[PDB]
$ cat entry.cif   # mmCIF, C-alpha atoms; chains and numbers go by the auth columns
data_protein
loop_
_atom_site.group_PDB
_atom_site.id
_atom_site.type_symbol
_atom_site.label_atom_id
_atom_site.label_comp_id
_atom_site.label_asym_id
_atom_site.label_seq_id
_atom_site.Cartn_x
_atom_site.Cartn_y
_atom_site.Cartn_z
_atom_site.B_iso_or_equiv
_atom_site.auth_seq_id
_atom_site.auth_asym_id
ATOM 1 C CA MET A 1 0.000 0.000 0.000 0.00 1 A
ATOM 2 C CA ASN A 2 0.994 3.638 -0.393 0.00 2 A
ATOM 3 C CA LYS A 3 -1.113 4.455 2.640 0.00 3 A
ATOM 4 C CA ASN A 4 1.145 3.050 5.330 0.00 4 A
ATOM 5 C CA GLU A 5 -0.930 1.967 8.334 0.00 5 A
ATOM 6 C CA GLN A 6 -1.646 4.906 10.622 0.00 6 A
ATOM 7 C CA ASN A 7 0.022 3.356 13.657 0.00 7 A
ATOM 8 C CA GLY A 8 3.289 4.456 15.225 0.00 8 A
ATOM 9 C CA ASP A 9 3.097 8.124 14.304 0.00 9 A
ATOM 10 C CA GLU A 10 5.217 10.653 16.173 0.00 10 A
ATOM 11 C CA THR A 11 2.638 13.405 15.882 0.00 11 A
ATOM 12 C CA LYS A 12 -0.451 11.650 17.202 0.00 12 A
ATOM 13 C CA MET A 13 -3.375 13.731 15.989 0.00 13 A
ATOM 14 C CA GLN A 14 -6.737 13.272 17.665 0.00 14 A
ATOM 15 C CA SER A 15 -9.111 11.502 15.309 0.00 15 A
ATOM 16 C CA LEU A 16 -12.856 11.849 15.680 0.00 16 A
ATOM 17 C CA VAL A 17 -15.426 10.138 13.479 0.00 17 A
ATOM 18 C CA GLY A 18 -18.500 12.207 12.727 0.00 18 A
ATOM 19 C CA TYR A 19 -21.174 13.079 10.192 0.00 19 A
ATOM 20 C CA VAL A 20 -20.891 15.967 7.760 0.00 20 A
ATOM 21 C CA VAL A 21 -24.299 17.624 7.788 0.00 21 A
ATOM 22 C CA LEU A 22 -23.436 21.144 6.646 0.00 22 A
ATOM 23 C CA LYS A 23 -20.463 22.286 4.593 0.00 23 A
ATOM 24 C CA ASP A 24 -18.993 25.600 3.525 0.00 24 A
ATOM 25 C CA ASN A 25 -15.478 26.356 2.250 0.00 25 A
ATOM 26 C CA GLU A 26 -13.423 27.376 5.280 0.00 26 A
ATOM 27 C CA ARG A 27 -15.679 25.574 7.762 0.00 27 A
ATOM 28 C CA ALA A 28 -17.983 22.590 8.112 0.00 28 A
ATOM 29 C CA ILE A 29 -20.619 21.580 10.638 0.00 29 A
ATOM 30 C CA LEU A 30 -20.224 18.026 11.909 0.00 30 A
ATOM 31 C CA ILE A 31 -22.012 15.726 14.324 0.00 31 A
ATOM 32 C CA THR A 32 -19.442 13.975 16.495 0.00 32 A
ATOM 33 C CA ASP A 33 -22.086 11.568 17.738 0.00 33 A
ATOM 34 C CA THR A 34 -23.526 8.510 16.019 0.00 34 A
ATOM 35 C CA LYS A 35 -27.046 9.805 15.439 0.00 35 A
ATOM 36 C CA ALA A 36 -27.663 10.980 11.891 0.00 36 A
ATOM 37 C CA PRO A 37 -30.109 13.860 11.233 0.00 37 A
ATOM 38 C CA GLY A 38 -33.475 13.435 9.579 0.00 38 A
ATOM 39 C CA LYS A 39 -34.775 14.591 6.210 0.00 39 A
ATOM 40 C CA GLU A 40 -36.080 17.847 7.689 0.00 40 A
ATOM 41 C CA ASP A 41 -32.877 18.399 9.661 0.00 41 A
ATOM 42 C CA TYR A 42 -31.001 18.731 6.374 0.00 42 A
ATOM 43 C CA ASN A 43 -33.679 21.275 5.426 0.00 43 A
ATOM 44 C CA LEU A 44 -33.374 23.235 8.667 0.00 44 A
ATOM 45 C CA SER A 45 -31.383 26.431 8.974 0.00 45 A
ATOM 46 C CA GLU A 46 -27.769 26.071 10.136 0.00 46 A
ATOM 47 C CA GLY A 47 -28.431 27.872 13.407 0.00 47 A
ATOM 48 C CA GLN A 48 -31.522 25.769 14.077 0.00 48 A
ATOM 49 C CA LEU A 49 -29.545 22.577 13.533 0.00 49 A
ATOM 50 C CA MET A 50 -26.769 23.971 15.741 0.00 50 A
ATOM 51 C CA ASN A 51 -29.249 24.646 18.551 0.00 51 A
ATOM 52 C CA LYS A 52 -30.750 21.193 18.086 0.00 52 A
ATOM 53 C CA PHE A 53 -27.656 18.977 17.991 0.00 53 A
ATOM 54 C CA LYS A 54 -25.908 21.429 20.335 0.00 54 A
ATOM 55 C CA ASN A 55 -25.016 18.543 22.656 0.00 55 A
ATOM 56 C CA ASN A 56 -22.611 16.911 20.184 0.00 56 A
ATOM 57 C CA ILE A 57 -22.194 19.356 17.315 0.00 57 A
ATOM 58 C CA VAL A 58 -18.699 20.474 16.293 0.00 58 A
ATOM 59 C CA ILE A 59 -17.764 23.090 13.716 0.00 59 A
ATOM 60 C CA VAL A 60 -14.457 22.218 12.086 0.00 60 A
ATOM 61 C CA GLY A 61 -12.062 24.705 10.568 0.00 61 A
ATOM 62 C CA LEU A 62 -11.256 23.717 7.006 0.00 62 A
ATOM 63 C CA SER A 63 -8.979 26.721 6.513 0.00 63 A
ATOM 64 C CA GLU A 64 -5.973 24.420 6.770 0.00 64 A
ATOM 65 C CA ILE A 65 -7.432 22.101 4.135 0.00 65 A
ATOM 66 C CA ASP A 66 -7.223 23.421 0.582 0.00 66 A
ATOM 67 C CA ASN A 67 -8.980 20.421 -0.965 0.00 67 A
ATOM 68 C CA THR A 68 -12.369 20.514 0.740 0.00 68 A
ATOM 69 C CA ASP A 69 -13.985 19.590 -2.587 0.00 69 A
ATOM 70 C CA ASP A 70 -13.533 15.920 -1.714 0.00 70 A
ATOM 71 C CA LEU A 71 -15.468 16.651 1.466 0.00 71 A
ATOM 72 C CA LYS A 72 -19.021 15.407 1.012 0.00 72 A
ATOM 73 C CA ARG A 73 -21.920 16.832 3.001 0.00 73 A
ATOM 74 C CA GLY A 74 -24.577 14.347 3.997 0.00 74 A
ATOM 75 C CA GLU A 75 -21.795 11.876 4.691 0.00 75 A
ATOM 76 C CA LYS A 76 -19.406 10.554 7.340 0.00 76 A
ATOM 77 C CA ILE A 77 -15.740 11.439 7.957 0.00 77 A
ATOM 78 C CA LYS A 78 -12.786 10.876 10.260 0.00 78 A
ATOM 79 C CA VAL A 79 -11.039 14.119 11.212 0.00 79 A
ATOM 80 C CA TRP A 80 -7.665 14.731 12.830 0.00 80 A
ATOM 81 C CA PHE A 81 -7.539 17.778 15.081 0.00 81 A
ATOM 82 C CA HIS A 82 -5.431 19.144 17.916 0.00 82 A
ATOM 83 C CA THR A 83 -6.023 22.875 18.089 0.00 83 A
ATOM 84 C CA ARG A 84 -9.623 23.478 19.146 0.00 84 A
ATOM 85 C CA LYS A 85 -11.794 26.301 20.446 0.00 85 A
ATOM 86 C CA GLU A 86 -14.390 25.176 22.961 0.00 86 A
ATOM 87 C CA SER A 87 -17.071 27.854 22.832 0.00 87 A
ATOM 88 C CA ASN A 88 -20.227 25.725 23.139 0.00 88 A
ATOM 89 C CA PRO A 89 -20.845 24.673 20.530 0.00 89 A
ATOM 90 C CA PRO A 90 -17.131 23.759 20.251 0.00 90 A
ATOM 91 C CA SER A 91 -15.025 24.226 17.137 0.00 91 A
ATOM 92 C CA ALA A 92 -12.016 22.205 16.002 0.00 92 A
ATOM 93 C CA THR A 93 -9.272 23.233 13.607 0.00 93 A
ATOM 94 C CA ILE A 94 -8.422 20.292 11.355 0.00 94 A
ATOM 95 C CA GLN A 95 -5.352 20.288 9.145 0.00 95 A
ATOM 96 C CA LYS A 96 -6.006 16.812 7.790 0.00 96 A
ATOM 97 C CA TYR A 97 -8.993 14.490 7.502 0.00 97 A
ATOM 98 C CA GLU A 98 -9.900 11.050 6.211 0.00 98 A
ATOM 99 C CA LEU A 99 -13.054 10.702 4.127 0.00 99 A
ATOM 100 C CA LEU A 100 -15.371 7.808 4.960 0.00 100 A
ATOM 101 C CA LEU A 101 -18.270 6.215 3.106 0.00 101 A
ATOM 102 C CA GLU A 102 -21.653 4.616 3.848 0.00 102 A
ATOM 103 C CA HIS A 103 -20.773 1.739 1.549 0.00 103 A
ATOM 104 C CA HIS A 104 -17.250 1.036 2.780 0.00 104 A
ATOM 105 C CA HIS A 105 -15.490 2.187 5.961 0.00 105 A
ATOM 106 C CA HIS A 106 -11.928 1.221 5.013 0.00 106 A
ATOM 107 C CA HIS A 107 -11.436 4.150 2.655 0.00 107 A
ATOM 108 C CA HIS A 108 -9.311 3.532 -0.425 0.00 108 A
#
$ encode --input "entry.cif" --output "structure tokens"
Amino acid sequence: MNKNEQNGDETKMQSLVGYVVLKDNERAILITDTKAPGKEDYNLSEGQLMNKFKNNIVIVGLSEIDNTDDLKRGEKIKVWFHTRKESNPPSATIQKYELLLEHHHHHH
């Protein structure tokens, strides 16, 4: 493989698996929990969704990532963060992420 197993890294980044529900360019709104939103939740306003899933909602900073076009909203991802701003709802600055899929978890 060209993707050497992520195991034995010096810089251990904190990986969190969550759902991408809302997506912009420099930022994305993720659910760090395992409950996926409903049809209407994807039709709600950002703030309304934020107030609703406030318990486990995290806004990630995509400013460090200049390829957010592979980031799919309505999907699931695995993000690596370290620098975070806990404001309630909390925000996490991610410099690297790993895209997941409903069909297959072990991303190619």
$ resolve_selection --input "entry.cif" --expression "the PyMOL selection byres ((chain A and resi 35-38) around 10)" --output "ChimeraX atom specification"
/A:18-21,31-34,39-44,49,53,56,74-76
$ closest_residue --input "entry.cif" --among "A:86, A:10, A:26, A:46" --to "residue 61 (chain A)" --atoms "only C-alpha atoms"
A:26
$ atom_distance --input "entry.cif" --atom1 "CA of residue 79 (chain A)" --atom2 "CA of residue 51 (chain A)"
22.3 Å
$ residues_around --input "entry.cif" --residues "residue 105 (chain A)" --least-positions-apart "6" --cutoff "12 Å" --atoms "only C-alpha atoms" --output "PyMOL selection string"
chain A and resi 17+75-78+98-99
$ residues_around --input "entry.cif" --residues "residue 108 (chain A)" --least-positions-apart "4" --cutoff "12 Å" --atoms "all atoms listed in the file" --output "list in words"
residues 1, 2, 3, 4, 98, 99, 100, 101, 103 and 104 of chain A
